[PDB]
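Just so you know, structure 1 and structure 2 below are the same protein chain in two forms, each on its own as structure tokens.
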Structure 1
């Protein structure tokens, strides 16, 4: 009828009222008072007022782009930040504290079925918990979104839910320790970028282990590729890792005296290239939270002091000056003395190793010369290696405490990756980050559209394959397959004559005008652009070969191994071959095969605007996120297909109480048929497969309401 949506240049779609029709064209008055003429096929129907702010968009009469965008916008305007989209959930960043995560709320969500409670991260957490115990299988909570969308907040809320549930049924309980793992990792692995004041600069997969009846038993954390480069480098509107500024806050004066540092971040080259303060962050308060987290995780005084000392030694390492008399020599030794003292090394030995590294000639050696540029590069590389290895030690140390030896049967794994991002300058680390996001989107596409339809086919369910246009194989292959971007980088690696420009020429010769997703770029200079699922990203390739090989001055690595500071010697103990991109690809492939053995639960976080503004929706930004995430198609397959299915044996066991008189039937399929036929249900909402009974969206929920009533 008259109530419609029409396309708009600024807001994507607006509400309108049809005034007239003629020659395949429609004349309509918009909500913003504009009288518009558009083609008939561009006109989409508004859902009835009874579907306003609906909790599950799979139940809408009209399913289209503005129906979804407006339903989400209307819910958001009422601070209802979660919405169901078929079997998965969508969430929109509120950018403000809401009273939706308290203990009375966690208690009320316990054991609630999806429909009898509003959409929430606690209900996603609870539903995964109910499938885990009923099916006896591992679960995964996969939280997607761009940098700043709310992945980390939603991850911390999943952890909070299970720890508070366990609280009802080192220097703290397991529950208290799982909660403290995030503050500790965040001080060292998170930082202020343009898109997020607390950007996660590493990915993580947290496994929460449970016993047979659901008691919280243990936890483990796996982290992925930390952005090492931030330790020594910052762009204009960004900060180094939180920890540097947390220490400098002077909230612990003993720390400043122990690290031989001043209170000013601008006195330290490595950490003051961009911004040093953030309005939303109290670094003094954050230092306390970090220090307390180490205590709760049972770190010793010696373990905490060593992490502090190494952080402080990295600060002094950046202040080491070199000059000429092409051979470099130290331009002072004060900063070198401070570093060596904190690192349990000899100052004069360290400077000698930096200016004159050795090249191995069998069981003999030849001294190599270093210009100032070579020394400052090597000094930067060592600082990054100390930091990343210290970060890895901390993860290992947290895992030792989280390991209880209490009984385990299943887990719920929560994945919180570094989000898709676009800066003014995008380097190797942005490619690594964006590639992970593309892979995570393809895992969603494969589960929702490929495996789903293949399941119907192998089960003998009458089905016509639907091409949903959700397939990222072309861009993924461009980055990861042989002769792709990383394969070319890896091959240009271990070529003594290779340079950034030979690497660039090989990229261009193989893919420019040949690979659809590879383009020439358009403000800092860029070398190539990549058409990712979430946008076109301009990449600068300077330093990628050195970043991928990751060479270290092995003369000073040897000194690290002989350090009187136990932590430093342990960090470089096993030091000895794979490139960082080859290891990243390997770890990513391993993650994806492991996730395939779990029941996934997708949570799609959406950033509402670019200005951290609470309650304001940037319509093209929100629509773009919904489009590249496959939200509409994900809902279509839930409406069109059979989202629920149960093995005949499990079906007759669980739903016999619904009508025991109907099955007083040896064969479970015969049993399932007669049981279902005897019930007051639409006998078209279910289909019989070879091994499972398939259900239309909503029938499982109804069967479950009916069972909860008989119990």
Structure 2
């Protein structure tokens, strides 16, 4: 009835209510919690009829507003219906539990199904991108958005699983078996426990799934972006180092502990035990087996696996190396056991490593001079080297996985799946958090441009009568602040080329250029107990307080080139190969990666999947209404649905239209492909307002095409 509505609520955003009376521009209502409320007319939103309950596509709702969307999602989620269409894109809510929706019977049933003839699913997104790839002969992209913990990695792995299982119907196993095992292997080394996610991705990735001209699974490749090197040697209070360290220490493979000359205790290793060492949801012993098996399935040799294990163990001993001041400021080893162990594993000479660390060489023409190092300088250098070998080993692994994923099958098109590290806010936000949050901001803007800009531009260039709608979805100001010349990165990069520059001159340069000048740049909110911040940035998903200490060193990433030389001359083949090519700042590389990805993505047909984290307590089935609403708001879910309802989501070239639908009325076209389409459409018993004629394509309102498709099925049968 007109009695069933939604009213704004302080704690739950919106609550259901029954209108009791209407007077003086005000509505009196009882809120389905029993509260009797009086609100203004403009605040009361209509409930959709029971026939629209748990609707699969929210673009079909009679009333479209925030609580209509929120409650449709909540009701579907309560029935463990975790995917929902929102116009031409999909929304998914993290169930925080295994559901029986991803088995091989489910994958087989989705094969070739049109979006509307199957329930909302990641398999349907995957299949429909495959159908467009073969129909349009163009590359596709599956762009999975969300904050840390929302389910991007899970959905990425489900898209891969779909094509590998479909295909099933240079290593140990088949291409299908190897594509499935790539992620367990990368995750042991590139994922870690943070406060928001027990298995947080500490690298971004773009996986291309290659197909031949006829659509047969040909190959796959992975590109990874800026692994969080700092985690190797440093952890905040409620986080862990990379999974692998704890997987090895689990003692599930006693032969590994012996080979690496390590104990079973993570607290004996300084680099890996600054935060937490166990995760309730993770069995590190079983995970070690899964990692080891993944390397086998990917055709890694025993020599390649043992070298990765040895280098992981050597990083552990490297962190335990003690230094003291030389009695007379110059540092000297305070023991040699830990260096001897790490040198043995790294195929180096212990005495050479220690002398290279304390006394690095400075080139003076064709002569050299030893540079002095204090204890702080040595422990910094020792940390920088450990990060470099780890990151280089991870990059080597990705290259090695790619080599096995290369088959002798030709490639025509691909479906690329993007899985970035999601938006996050820690108590301490450093350079990593800026790089991560800037990527999320860029990916949201890619969505805004595609959905709101390119869409309305398409109507304009095709001569469709259209009034431009400003959806309030434009992040160009914040993006420009971070990436354009004289922005945050540009200033950091410039401060990098100055020897007298400090964290405070870089801070001063940021303030002098942007405080009260750039709207998205603000002064921070520092609270008692919580860490100190230097500036705050207004991102799409919230304001983030950034601490700029160490950003100049983080951006330059300097290495002791004397011990890098020793790595190059190592008797361990892998270590020498890791530093073989050793001779840009990390922000310049980040901007380059992003620019390259964004231009390459505009040459693909994108498919958006919006992952939503339901709560902060990893609780299955519980919705924190303000947290879901915030994510739907900053994602532009409502606006994205509005353009599907207000605009013309489908369009077909006249020639392709005349061909496919002549069967609906052959007497109409027994003449030009446009005249044919015009006479064909005009002769059919449809709402002639549901379509518009453009310069090259016929444009359709949501629903007209499906009806035309039903009509084509009836006639062929």
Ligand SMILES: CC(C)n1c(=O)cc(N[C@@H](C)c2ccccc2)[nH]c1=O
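Positions refer to the first chain, counted from 1. Rigid core here is just the name for the largest C-alpha set that superposes within 1.5 Å across the two forms.
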Since only one of the two is the form deposited with this ligand bound, can you say which one? 1
Just one entry of 34, 53, 674, 64 has its C-alpha move 2 Å or more between structure 1 and structure 2 under rigid core superposition, and it is 674
Taking the rigid core as the reference frame, is the Cα of residue 364 displaced by 2 Å or more between structure 1 and structure 2? yes
Quick check: residue 16 between structure 1 and structure 2 - does its CA shift reach 2 Å or more after fitting the rigid core? no
Core aligned, does the CA of residue 658 move at least 2 Å between structure 1 and structure 2? yes
Core-superposed CA shift of residue 440 between structure 1 and structure 2, in Å, is 0.3
If the core is used for the superposition, what shift in Å does the C-alpha of residue 695 show between structure 1 and structure 2? 1.5
How much does the C-alpha of residue 704 move between structure 1 and structure 2, in Å, given a rigid core overlay? 2.9
